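Participant: Please find one structure pasted underneath; my questions will follow.
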Amino acid sequence: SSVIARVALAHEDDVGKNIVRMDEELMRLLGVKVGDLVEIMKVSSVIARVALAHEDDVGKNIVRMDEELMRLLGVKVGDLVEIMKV
């Protein structure tokens, strides 16, 4: 099962270098709950854990990520990624 989201930069008090943050509606559609593993792909792939977005983010269809996880995956803020339940 997968959704498409645009990459955005995690807030600097957000803890969890391997935690990505998605809004409730988007998590519900993907069928994941807080703490589930997901795989995030563009050309490479990375597996991360999911947590709730900061609330507003519901229309945006964004996935918030730590800058280093973006570097590991090979993506920058603005890129589209696929997020799939693993």
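Chains: A, B, ... in order of the structure tokens. Residues: from 1 per chain. Ligands: from 1, in order shown.
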Counting only C-alpha atoms, which residues of segment 5-47 of chain A fall within 7 Å of segment 74-80 of chain A, and what is the closest atom pair for each with its distance in Å at one decimal, ordered by chain and rising number, as a Markdown table?
Facilitator:
```
| residue | atom | partner | partner_atom | distance |
| --- | --- | --- | --- | --- |
| A:5 | CA | A:80 | CA | 5.6 |
| A:6 | CA | A:80 | CA | 4.4 |
| A:7 | CA | A:77 | CA | 5.0 |
| A:8 | CA | A:77 | CA | 4.9 |
| A:9 | CA | A:77 | CA | 6.3 |
| A:44 | CA | A:74 | CA | 6.8 |
```
Participant: Show me, as a list in words, the residues that have an atom within 12 Å of residue 30 of chain A when counting only C-alpha atoms, minus same-chain residues fewer than 5 positions from it.
Facilitator: residues 1, 2, 3, 4, 5, 22, 23, 24, 25, 36, 37, 38, 39, 50, 61, 82, 83, 84, 85 and 86 of chain A
Participant: When you look at residue 17 of chain A with a cut-off of 10 Å (counting only C-alpha atoms), what residues show up, excluding the ones that are within fewer than 5 positions of it in the same chain? I need them as a PyMOL selection string.
Facilitator: chain A and resi 10+48-49+65-69
Participant: Those residues you just picked out, can you put them in a file as a PDB file, in the first residue's frame with N, CA and C atoms?
Facilitator:
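Below is the file that was written, out.pdb:
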```
ATOM      1  N   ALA A  10      11.876  18.368   8.765  1.00  0.00           N
ATOM      2  CA  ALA A  10      11.386  18.243  10.130  1.00  0.00           C
ATOM      3  C   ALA A  10      11.707  19.494  10.942  1.00  0.00           C
ATOM      4  N   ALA A  48      11.846   3.818   7.606  1.00  0.00           N
ATOM      5  CA  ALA A  48      11.765   4.757   8.717  1.00  0.00           C
ATOM      6  C   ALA A  48      10.546   4.392   9.542  1.00  0.00           C
ATOM      7  N   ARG A  49      10.324   5.094  10.640  1.00  0.00           N
ATOM      8  CA  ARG A  49       9.103   4.857  11.434  1.00  0.00           C
ATOM      9  C   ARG A  49       8.242   6.107  11.308  1.00  0.00           C
ATOM     10  N   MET A  65      10.867  15.090   7.403  1.00  0.00           N
ATOM     11  CA  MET A  65      12.030  14.227   7.535  1.00  0.00           C
ATOM     12  C   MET A  65      13.182  15.039   8.108  1.00  0.00           C
ATOM     13  N   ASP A  66      14.049  14.361   8.859  1.00  0.00           N
ATOM     14  CA  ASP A  66      15.318  14.955   9.258  1.00  0.00           C
ATOM     15  C   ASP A  66      16.226  15.129   8.038  1.00  0.00           C
ATOM     16  N   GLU A  67      17.050  16.180   8.060  1.00  0.00           N
ATOM     17  CA  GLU A  67      17.923  16.463   6.915  1.00  0.00           C
ATOM     18  C   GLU A  67      18.850  15.289   6.617  1.00  0.00           C
ATOM     19  N   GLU A  68      19.314  14.591   7.654  1.00  0.00           N
ATOM     20  CA  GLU A  68      20.216  13.486   7.353  1.00  0.00           C
ATOM     21  C   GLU A  68      19.504  12.317   6.697  1.00  0.00           C
ATOM     22  N   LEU A  69      18.248  12.064   7.071  1.00  0.00           N
ATOM     23  CA  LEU A  69      17.500  10.954   6.422  1.00  0.00           C
ATOM     24  C   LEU A  69      17.300  11.301   4.949  1.00  0.00           C
TER      25      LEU A  69
END
```
Participant: Can you work out which one of A:73, A:21, A:40, A:31 has the shortest atom-to-atom distance to residue 56 of chain A, counting only C-alpha atoms?
Facilitator: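 Ranked by minimum distance to residue 56 of chain A, first place goes to A:21.
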Participant: For a test of reading the model, state the distance in Å between atom CA of residue 72 of chain A and atom CA of residue 32 of chain A, rounded to one decimal.
Facilitator: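 Going from atom CA of residue 72 of chain A over to atom CA of residue 32 of chain A, I get 22.7 Å.
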Participant: How far is it from atom CA of residue 81 of chain A to atom CA of residue 14 of chain A, in Å with one decimal?
Facilitator: 20.3 Å
Participant: Extract the full set of alpha helix (DSSP H) residues from chain A according to DSSP on the backbone, and format it as a ChimeraX atom specification.
Facilitator: /A:24-30,67-73
Participant: If you run DSSP on the backbone, which residues of chain A are strand (DSSP E or B), as a PyMOL selection string?
Facilitator: chain A and resi 2-9+19-22+37-41+45-52+62-65+80-85
Participant: Would you mind exporting the chosen residues as an mmCIF file, in the first residue's frame, restricted to N, CA and C atoms?
Facilitator:
```cif
data_model
loop_
_atom_site.group_PDB
_atom_site.id
_atom_site.type_symbol
_atom_site.label_atom_id
_atom_site.label_comp_id
_atom_site.auth_asym_id
_atom_site.auth_seq_id
_atom_site.Cartn_x
_atom_site.Cartn_y
_atom_site.Cartn_z
ATOM 1 N N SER A 2 0.590 2.250 -0.837
ATOM 2 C CA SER A 2 1.488 3.385 -0.850
ATOM 3 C C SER A 2 0.740 4.686 -1.105
ATOM 4 N N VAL A 3 1.363 5.778 -0.659
ATOM 5 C CA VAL A 3 0.916 7.147 -0.925
ATOM 6 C C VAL A 3 2.105 7.948 -1.450
ATOM 7 N N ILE A 4 1.818 9.098 -2.061
ATOM 8 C CA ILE A 4 2.837 9.996 -2.595
ATOM 9 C C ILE A 4 2.812 11.265 -1.756
ATOM 10 N N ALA A 5 3.980 11.712 -1.325
ATOM 11 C CA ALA A 5 4.040 12.941 -0.548
ATOM 12 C C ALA A 5 5.261 13.728 -0.971
ATOM 13 N N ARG A 6 5.229 15.031 -0.705
ATOM 14 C CA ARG A 6 6.365 15.893 -0.964
ATOM 15 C C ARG A 6 7.220 16.014 0.287
ATOM 16 N N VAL A 7 8.531 16.001 0.090
ATOM 17 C CA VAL A 7 9.469 15.981 1.203
ATOM 18 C C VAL A 7 9.551 17.386 1.789
ATOM 19 N N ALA A 8 9.436 17.490 3.110
ATOM 20 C CA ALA A 8 9.633 18.725 3.855
ATOM 21 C C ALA A 8 10.534 18.469 5.054
ATOM 22 N N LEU A 9 11.137 19.535 5.544
ATOM 23 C CA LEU A 9 12.140 19.452 6.593
ATOM 24 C C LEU A 9 11.484 19.374 7.978
ATOM 25 N N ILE A 19 12.457 9.070 12.317
ATOM 26 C CA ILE A 19 11.010 9.253 12.394
ATOM 27 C C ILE A 19 10.592 10.214 11.293
ATOM 28 N N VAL A 20 9.625 9.815 10.492
ATOM 29 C CA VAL A 20 9.015 10.727 9.533
ATOM 30 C C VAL A 20 7.612 11.045 10.022
ATOM 31 N N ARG A 21 7.114 12.236 9.658
ATOM 32 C CA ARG A 21 5.881 12.752 10.220
ATOM 33 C C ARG A 21 4.901 13.039 9.088
ATOM 34 N N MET A 22 3.708 12.454 9.207
ATOM 35 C CA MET A 22 2.635 12.487 8.220
ATOM 36 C C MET A 22 1.341 12.859 8.927
ATOM 37 N N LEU A 37 6.622 0.845 10.703
ATOM 38 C CA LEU A 37 7.683 0.988 9.704
ATOM 39 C C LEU A 37 7.068 1.284 8.341
ATOM 40 N N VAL A 38 7.718 2.178 7.571
ATOM 41 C CA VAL A 38 7.333 2.486 6.201
ATOM 42 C C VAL A 38 8.625 2.549 5.424
ATOM 43 N N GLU A 39 8.534 2.269 4.128
ATOM 44 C CA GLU A 39 9.648 2.401 3.204
ATOM 45 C C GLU A 39 9.425 3.658 2.357
ATOM 46 N N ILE A 40 10.467 4.475 2.219
ATOM 47 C CA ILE A 40 10.395 5.728 1.485
ATOM 48 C C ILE A 40 11.365 5.654 0.328
ATOM 49 N N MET A 41 10.868 5.905 -0.880
ATOM 50 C CA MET A 41 11.646 5.708 -2.094
ATOM 51 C C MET A 41 11.586 6.925 -3.008
ATOM 52 N N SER A 45 16.174 3.753 -1.500
ATOM 53 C CA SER A 45 15.091 3.541 -0.552
ATOM 54 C C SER A 45 15.663 3.493 0.857
ATOM 55 N N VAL A 46 14.796 3.799 1.818
ATOM 56 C CA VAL A 46 15.123 3.881 3.242
ATOM 57 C C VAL A 46 13.873 3.451 3.990
ATOM 58 N N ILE A 47 14.044 2.769 5.113
ATOM 59 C CA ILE A 47 12.924 2.387 5.961
ATOM 60 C C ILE A 47 12.979 3.218 7.238
ATOM 61 N N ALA A 48 11.846 3.818 7.606
ATOM 62 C CA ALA A 48 11.765 4.757 8.717
ATOM 63 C C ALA A 48 10.546 4.392 9.542
ATOM 64 N N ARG A 49 10.324 5.094 10.640
ATOM 65 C CA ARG A 49 9.103 4.857 11.434
ATOM 66 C C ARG A 49 8.242 6.107 11.308
ATOM 67 N N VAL A 50 6.933 5.957 11.421
ATOM 68 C CA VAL A 50 5.984 7.076 11.188
ATOM 69 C C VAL A 50 5.432 7.632 12.494
ATOM 70 N N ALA A 51 5.260 8.948 12.541
ATOM 71 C CA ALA A 51 4.637 9.640 13.682
ATOM 72 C C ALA A 51 3.710 10.740 13.162
ATOM 73 N N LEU A 52 2.800 11.205 13.994
ATOM 74 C CA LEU A 52 1.807 12.208 13.564
ATOM 75 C C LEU A 52 2.456 13.547 13.237
ATOM 76 N N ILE A 62 2.480 16.312 2.707
ATOM 77 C CA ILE A 62 3.954 16.370 2.882
ATOM 78 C C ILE A 62 4.359 15.259 3.851
ATOM 79 N N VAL A 63 5.637 14.913 3.816
ATOM 80 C CA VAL A 63 6.241 13.966 4.789
ATOM 81 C C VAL A 63 7.425 14.718 5.383
ATOM 82 N N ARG A 64 7.417 14.961 6.684
ATOM 83 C CA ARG A 64 8.518 15.715 7.292
ATOM 84 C C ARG A 64 9.609 14.748 7.730
ATOM 85 N N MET A 65 10.867 15.090 7.403
ATOM 86 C CA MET A 65 12.030 14.227 7.535
ATOM 87 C C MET A 65 13.182 15.039 8.108
ATOM 88 N N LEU A 80 9.203 14.649 -4.616
ATOM 89 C CA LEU A 80 8.147 13.678 -4.355
ATOM 90 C C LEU A 80 8.790 12.352 -3.980
ATOM 91 N N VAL A 81 8.218 11.679 -2.972
ATOM 92 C CA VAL A 81 8.611 10.327 -2.581
ATOM 93 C C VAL A 81 7.353 9.485 -2.503
ATOM 94 N N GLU A 82 7.539 8.182 -2.676
ATOM 95 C CA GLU A 82 6.510 7.194 -2.390
ATOM 96 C C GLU A 82 6.726 6.585 -1.018
ATOM 97 N N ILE A 83 5.657 6.478 -0.238
ATOM 98 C CA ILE A 83 5.736 5.933 1.119
ATOM 99 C C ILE A 83 4.866 4.704 1.152
ATOM 100 N N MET A 84 5.457 3.572 1.479
ATOM 101 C CA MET A 84 4.764 2.310 1.368
ATOM 102 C C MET A 84 4.851 1.548 2.676
ATOM 103 N N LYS A 85 3.750 0.907 3.029
ATOM 104 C CA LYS A 85 3.827 0.152 4.266
ATOM 105 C C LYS A 85 4.558 -1.151 4.003
#
```
